[PDB]
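**Student:** So the protein lines, in turn, are chains U, R, F, W, E and B.
Quick note: the first sequence uses the deposited numbering, first residue 98, plus one each step.
Quick note: the second sequence uses the deposited numbering, first residue 153, plus one each step.
Under the deposited numbering, read the third sequence as residues 75 to 99, 119 to 296, 302 to 366, first letter to last.
Quick note: the fourth sequence uses the deposited numbering, first residue 242, plus one each step.
Under the deposited numbering, read the fifth sequence as residues 28 to 161, 164 to 201, 209 to 225, 228 to 237, 257 to 281, 294 to 319, 325 to 353, 363 to 379, first letter to last.
Quick note: the sixth sequence uses the deposited numbering, first residue 350, plus one each step.
No residue lacks a Cβ here, since even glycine has one placed at the ideal position from N, Cα and C.
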Amino acid sequence: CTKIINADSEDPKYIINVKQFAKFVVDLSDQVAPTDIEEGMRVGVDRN
Amino acid sequence: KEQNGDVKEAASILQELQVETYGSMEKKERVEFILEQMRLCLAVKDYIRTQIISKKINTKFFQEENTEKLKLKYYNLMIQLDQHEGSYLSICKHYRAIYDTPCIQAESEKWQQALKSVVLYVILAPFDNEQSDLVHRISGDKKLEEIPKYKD
Amino acid sequence: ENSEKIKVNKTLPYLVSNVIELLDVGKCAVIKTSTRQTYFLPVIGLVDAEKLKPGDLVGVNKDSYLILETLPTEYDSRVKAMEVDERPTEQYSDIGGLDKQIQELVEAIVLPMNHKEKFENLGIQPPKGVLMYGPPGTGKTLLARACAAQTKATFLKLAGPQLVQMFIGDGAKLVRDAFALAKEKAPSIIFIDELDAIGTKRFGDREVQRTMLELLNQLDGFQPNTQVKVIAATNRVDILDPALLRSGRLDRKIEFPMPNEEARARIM
Amino acid sequence: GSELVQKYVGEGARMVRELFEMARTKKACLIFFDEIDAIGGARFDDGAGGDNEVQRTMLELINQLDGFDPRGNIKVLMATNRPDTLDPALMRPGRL
Amino acid sequence: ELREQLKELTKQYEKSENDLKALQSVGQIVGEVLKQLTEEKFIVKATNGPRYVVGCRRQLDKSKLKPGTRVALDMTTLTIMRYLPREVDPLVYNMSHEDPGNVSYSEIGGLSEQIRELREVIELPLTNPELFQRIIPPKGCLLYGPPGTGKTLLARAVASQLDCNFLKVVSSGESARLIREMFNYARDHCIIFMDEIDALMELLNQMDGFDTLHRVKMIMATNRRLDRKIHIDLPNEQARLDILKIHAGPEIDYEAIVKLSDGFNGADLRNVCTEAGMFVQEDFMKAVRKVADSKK
Amino acid sequence: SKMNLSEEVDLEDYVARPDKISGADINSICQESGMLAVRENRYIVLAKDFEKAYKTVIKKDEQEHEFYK
Ligand SMILES: Nc1ncnc2c1ncn2[C@@H]1O[C@H](COP(=O)(O)OP(=O)(O)O)[C@@H](O)[C@H]1O
Ligand SMILES: Nc1ncnc2c1ncn2[C@@H]1O[C@H](COP(=O)(O)OP(=O)(O)O)[C@@H](O)[C@H]1O
Ligand SMILES: [Mg+2]
Numbered sequence: 098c099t100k101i102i103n104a105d106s107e108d109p110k111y112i113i114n115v116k117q118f119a120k121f122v123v124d125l126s127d128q129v130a131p132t133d134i135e136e137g138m139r140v141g142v143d144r145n
Numbered sequence: 153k154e155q156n157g158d159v160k161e162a163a164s165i166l167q168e169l170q171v172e173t174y175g176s177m178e179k180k181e182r183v184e185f186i187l188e189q190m191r192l193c194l195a196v197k198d199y200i201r202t203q204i205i206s207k208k209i210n211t212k213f214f215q216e217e218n219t220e221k222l223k224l225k226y227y228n229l230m231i232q233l234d235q236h237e238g239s240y241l242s243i244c245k246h247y248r249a250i251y252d253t254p255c256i257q258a259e260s261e262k263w264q265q266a267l268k269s270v271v272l273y274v275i276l277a278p279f280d281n282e283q284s285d286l287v288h289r290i291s292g293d294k295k296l297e298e299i300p301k302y303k304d
Numbered sequence: 075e076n077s078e079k080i081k082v083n084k085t086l087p088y089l090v091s092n093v094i095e096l097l098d099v119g120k121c122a123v124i125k126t127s128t129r130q131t132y133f134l135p136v137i138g139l140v141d142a143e144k145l146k147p148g149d150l151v152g153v154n155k156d157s158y159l160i161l162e163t164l165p166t167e168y169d170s171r172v173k174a175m176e177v178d179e180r181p182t183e184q185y186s187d188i189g190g191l192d193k194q195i196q197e198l199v200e201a202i203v204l205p206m207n208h209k210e211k212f213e214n215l216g217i218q219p220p221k222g223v224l225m226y227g228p229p230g231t232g233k234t235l236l237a238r239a240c241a242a243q244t245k246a247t248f249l250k251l252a253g254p255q256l257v258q259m260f261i262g263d264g265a266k267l268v269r270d271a272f273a274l275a276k277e278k279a280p281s282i283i284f285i286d287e288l289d290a291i292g293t294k295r296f302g303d304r305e306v307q308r309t310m311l312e313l314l315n316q317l318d319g320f321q322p323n324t325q326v327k328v329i330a331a332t333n334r335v336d337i338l339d340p341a342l343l344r345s346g347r348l349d350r351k352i353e354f355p356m357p358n359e360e361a362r363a364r365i366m
Numbered sequence: 242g243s244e245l246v247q248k249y250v251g252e253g254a255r256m257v258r259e260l261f262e263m264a265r266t267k268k269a270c271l272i273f274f275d276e277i278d279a280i281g282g283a284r285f286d287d288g289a290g291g292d293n294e295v296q297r298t299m300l301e302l303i304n305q306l307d308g309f310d311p312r313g314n315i316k317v318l319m320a321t322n323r324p325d326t327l328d329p330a331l332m333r334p335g336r337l
Numbered sequence: 028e029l030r031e032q033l034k035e036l037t038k039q040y041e042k043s044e045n046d047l048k049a050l051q052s053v054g055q056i057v058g059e060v061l062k063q064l065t066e067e068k069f070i071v072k073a074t075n076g077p078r079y080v081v082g083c084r085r086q087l088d089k090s091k092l093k094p095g096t097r098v099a100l101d102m103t104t105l106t107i108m109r110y111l112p113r114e115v116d117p118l119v120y121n122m123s124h125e126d127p128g129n130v131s132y133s134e135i136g137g138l139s140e141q142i143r144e145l146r147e148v149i150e151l152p153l154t155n156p157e158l159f160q161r164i165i166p167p168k169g170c171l172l173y174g175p176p177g178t179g180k181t182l183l184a185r186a187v188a189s190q191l192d193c194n195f196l197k198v199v200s201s209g210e211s212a213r214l215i216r217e218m219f220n221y222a223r224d225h228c229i230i231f232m233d234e235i236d237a257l258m259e260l261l262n263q264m265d266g267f268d269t270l271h272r273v274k275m276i277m278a279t280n281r294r295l296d297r298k299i300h301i302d303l304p305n306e307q308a309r310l311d312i313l314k315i316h317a318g319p325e326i327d328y329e330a331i332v333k334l335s336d337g338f339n340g341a342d343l344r345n346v347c348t349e350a351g352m353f363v364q365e366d367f368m369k370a371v372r373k374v375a376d377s378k379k
Numbered sequence: 350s351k352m353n354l355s356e357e358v359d360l361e362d363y364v365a366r367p368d369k370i371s372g373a374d375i376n377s378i379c380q381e382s383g384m385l386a387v388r389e390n391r392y393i394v395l396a397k398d399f400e401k402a403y404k405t406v407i408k409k410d411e412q413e414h415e416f417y418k
């Protein structure tokens, strides 16, 4: 994560960089505590 | 010198003033000098130098405030040159510029004669695409009115 | 119900893309998808065409590559951590030997930064760019630290190789983020140490050249306003991109000399 | 020494940065750059424009060793059989 | 209330429905034709590199797609849907692709001899070349001597005087090839200004001297057809006063300054006003103190 | 042949004169003569023009140090 997009209060709308591939804007799924992302915390990501 | 009933040595003196490079106020005095160079050249019948000197002028400038008599004489001199050269479509275009001059629009004959000669110089040109286009443009032009036995 | 439809079709795996170029045929886009690609678009999409200036961070659908929600900003962590978190504090008077150099830098940096209006009040040009070319060990970074300490404003630490990422365009993105951070945090002082690493003279190599030209262009983008003043620093100016040290660009050559006898006494 | 000259221009500088970050993470560090004559001699390019990535990682090593940043309890014992082709930037006693 | 309410709500509904409409638009693939196969086929290289033989949309017309024509390839059938203008990349003004840019003529105070010489050098060909055709117009010239005191400024003013805009270039193998390549656009844009010849391991940059549309000339300048030599003096005889005055954007003082100041340009006065500002008329002896202080 | 020349502009008295010029030199003579003629503003070149160009690009190989010869 490189920019938490200000979190827009609700609906944080995280962002991520998969490096050589691309730069995506992403949500949280099944994650219990949607704060433990720390804006650089090397988060998880799905394929499609 | 030209006034002194002698002209063969008139053109020579003035055919030495490069008012382009003399570095003067603006494009009024030097336009006048170039035009008098041209007038002397036509008077002495030096048509090659006439064209060469005329190439020194930039007609685009004549879209300015006091630029009325200067451009009028400019086109009249070019028209003497072409009339003695042999072209006719060029003479047409020059008369067309004269007609389009805002001052020339004023007064009846100052535009009636212009259009008269414009139409004859359209007619006196060879049939080319350009001549056909000029025939079409001069066709009617509204102001061509019904000049008797003329527009027909 | 149409708003609900647009919401349903605005799922949120958007791809981050640029708006590299714009055109009118209506409005169109020539967006550049971060997945390194260039996708044209007839109908710009949900973006309201807020002048959609060339250069912007837009969320774009993965497959249709249509411009969905526009993103505010993106400054990589390498530029978010690239500022004086703790403003150093050395001194001004405790830099020996160099007196004319320090005075010249103080004027040409701080004085246009503090008394901005009382430069143009006299028809004066406070040149934006100061290049500190010196023989290694004179103290260019020492004076830079002194300025960062006792100058306030926002200080940017640009560190040469820090602009040469392997990926094509990432270095230019990093430079863009640096300059945008400078402009947003104005008044700002942009100190570029070891400038001989961003681009030397020629030419991965084309990537380094492209980031160098990004530096050059966005520096040229400066006006007398936009209170950001750039201070390059460098050891070996072996004719370093003569185009770099030109009108508008870095143009105050604060040469750094070797310490004279009085300088060395002061230094000890 | 050879784990600092890779392909992928910029990777070497990234390696130097990561090494120094790990050092700062540790309480008290001793780095032992050996055979540094491989990593960085002079800085002139002429025909060495293609071998500028090593120069670039050497510049990163300098800026880490001392720049606009406290370095912390990091002490470096560089070794080199030929300190006669080394860059004066690296040799100058602000870092060695 | 009804008029404004329904006007704005019509705006909003139309915008929403057009957003739904746009939601079903698929992007194209940006690429350039290469070779123009049989008139129903074109080799197009997309951006990411791959090259395909692609169709040509019927309404698109032909003869507008020639090698290098940006096209919006269809994303799946890979058909050339509709052309595009050439993208403006950062490598244009740094590649010296600038036609405009001028300051003035009076900005150059004196320099009358060199102004007139270069004027006689470059006017007549940009204007009447038929006279020459009655034989080859001169192409280049030289600006010479000290660091061409106001060389680019001389160009900057006399080009504006001649009304032809500019084509500036710097001479600080691929680079040579492309520098000669953009000559096509250079003529398309005149006075060409290949300056900074000094500072050379390049060999394709030779004086190719091709033939272009008559008119348009160059003023190639350096130190140490193209047959001219504009020698220059680093100061001027008694035009230091003149340079100071015409640089006085911000007079006995101007004399008293030039009487001991001996530099090369108006940087002297720039420093005058700058240091006076640190310490608009009311400067006087401050300028003298500066000019005494400047080292150079 | 391509240029336009007067009747007193005989080239045959610009060849009999001994001179170690080459084809490039003669092209330069003609081009310089035409340039000078236009500068002095005539549309026909003349013997004075050819004389001046002859001396302009025959003695150009000078300004050498004389102790060498
Ligand atoms: N003029 C100087 N006055 C005081 N210290 C100096 C001076 N020049 C160098 N130094 C010392 O060396 C360092 C500053 O030099 P530095 O700016 O790092 O050189 P460079 O700019 O070539 O990298 C500091 O450790 C400082 O103590
Ligand atoms: N006649 C003049 N009038 C006003 N300014 C001048 C004049 N001559 C030179 N200058 C100043 O000197 C500078 C010289 O610029 P330029 O000729 O491009 O570099 P150089 O003179 O080193 O070749 C210009 O920026 C200009 O401001
Ligand atoms: Mg100049």
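Pull up the DSSP beta-bridge partners for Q130 of chain F, would you.
**Tutor:** F:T126
**Student:** Taking 8 Å as the CB-CB cut-off, is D169 of chain F touching chain U?
**Tutor:** yes
**Student:** Going by the DSSP bridge assignment, what does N114 of chain U pair with across the sheet?
**Tutor:** Assignment of beta-bridge partners to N114 of chain U by DSSP yields U:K120.
**Student:** Can you list the alpha helix (DSSP H) stretches of 4 or more residues lying completely in the segment 230 to 303 of chain R, in chain order?
**Tutor:** Scanning the segment 230 to 303 of chain R from its first residue to its last, the whole alpha helix (DSSP H) runs of 4-plus residues come out as 241 to 252, 254 to 257, 260 to 275, 281 to 290.
**Student:** Buried or exposed, going by whether 16 or more other CB atoms sit within 10 Å of the CB of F133 of chain F?
**Tutor:** buried
**Student:** How far does the beta strand (DSSP E) with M232 of chain E in it extend, from its first residue to its last?
**Tutor:** Its beta strand (DSSP E) spans residues 229 to 233.
**Student:** If you draw a straight line from the alpha carbon of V90 of chain F to that of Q117 of chain U, how long is it in whole angstroms?
**Tutor:** 13 Å
**Student:** Considering only heavy atoms of ligand 1, does any lie closer than 7 Å to the CB of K233 of chain F?
**Tutor:** yes
**Student:** Given that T219 of chain R touches chain E, what residues does it touch there, using C-beta distances under 9 Å?
**Tutor:** Under the 9 Å cutoff, chain E gives no residues; its nearest Cβ is about 17 Å from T219 of chain R.
**Student:** May I have the straight-line CA-CA distance separating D98 of chain F from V123 of chain F, to the nearest angstrom?
**Tutor:** 11 Å
**Student:** For a test of the three-state rule: what should DSSP assign to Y227 of chain R, helix, strand or coil?
**Tutor:** helix
**Student:** With hydrogens ignored, establish whether the beta-carbon of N333 of chain F is closer than 7 Å to any heavy atom of ligand 1.
**Tutor:** yes
**Student:** Mind reading off the beta-carbon distance from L296 of chain R to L272 of chain R? Whole number of angstroms is fine, and I expect it under 8 Å.
**Tutor:** Going by Cβ atoms, the distance from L296 of chain R to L272 of chain R rounds to 13 Å, so no, they are not a contact pair.
**Student:** Runs of 3 residues minimum, wholly inside the segment 119 to 153 of chain E: which ones carry the beta strand (DSSP E) assignment?
**Tutor:** none
**Student:** Below 9 Å between beta carbons is the criterion; list the residues of the segment 319 to 336 of chain F that meet it against any residue of chain W, in chain order.
**Tutor:** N333, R334, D336
**Student:** Taking 8 Å as the limit between beta carbons, can you name the residues of its chain near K91 of chain E, skipping five residues before and five after?
**Tutor:** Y110
**Student:** Is there at least one non-hydrogen atom of ligand 2 closer than 7 Å to the beta-carbon of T279 of chain E?
**Tutor:** Relative to the non-hydrogen atoms of ligand 2, the Cβ of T279 of chain E never comes closer than 7 Å to any of them.
**Student:** At least one CB of chain W closer than 8 Å to the CB of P229 of chain F: is that the case?
**Tutor:** yes
**Student:** Since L172 of chain E and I299 of chain E are thought to touch, with beta carbons under 8 Å apart, how far apart are those beta carbons, to the nearest angstrom?
**Tutor:** 5 Å
**Student:** In this structure, does DSSP put residue 360 of chain E in helix, strand or coil?
**Tutor:** Chain E lacks coordinates between 353 and 363, the interval that contains residue 360 of chain E.
**Student:** So which residues of chain E does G372 of chain B contact, with C-beta pairs closer than 8 Å?
**Tutor:** Within 8 Å Cβ-Cβ: nothing; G372 of chain B doesn't reach chain E, min ~15 Å.
**Student:** With the cut-off set at 8 Å, would you say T132 of chain U and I112 of chain U are in Cβ contact?
**Tutor:** no
**Student:** Determine the closest residue to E200 of chain F out of E:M352, E:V371, E:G337, E:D366, with distance taken between C-alpha atoms.
**Tutor:** E:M352
**Student:** With a threshold of 7 Å, establish whether the CB of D339 of chain F neighbours any heavy atom of ligand 1.
**Tutor:** no
**Student:** Let me know if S350 of chain B comes out buried or exposed under the rule of 16 or more other beta-carbons within 10 Å of its beta-carbon.
**Tutor:** exposed
**Student:** With the cut-off set at 8 Å, would you say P152 of chain E and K274 of chain E are in Cβ contact?
**Tutor:** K274 of chain E sits close to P152 of chain E, with the two beta carbons spaced by under 8 Å.
**Student:** Is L171 of chain E near ligand 3, judged by its Cβ being under 7 Å from some heavy atom?
**Tutor:** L171 of chain E has its CB no nearer than 7 Å to any heavy atom of ligand 3.
**Student:** Sorry if obvious, but does the Cβ on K180 of chain R come closer than 7 Å to a heavy atom of ligand 2?
**Tutor:** no
**Student:** Does the segment 328 to 346 of chain F touch the segment 320 to 327 of chain W, meaning 3 or more C-beta pairs lie closer than 8 Å?
**Tutor:** no
**Student:** Which residues bound the beta strand (DSSP E) around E162 of chain F?
**Tutor:** 160 to 164
**Student:** Alpha carbon to alpha carbon, how far is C244 of chain R from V287 of chain R? Give it in angstroms, no decimals.
**Tutor:** Counting only the Cα atoms, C244 of chain R lies some 10 Å from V287 of chain R.
**Student:** Cβ of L310 of chain E within 7 Å of any heavy atom in ligand 2?
**Tutor:** no
**Student:** In this structure, does DSSP put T293 of chain F in helix, strand or coil?
**Tutor:** coil
**Student:** Measuring straight from C-alpha to C-alpha, what distance separates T37 of chain E and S77 of chain F?
**Tutor:** 14 Å
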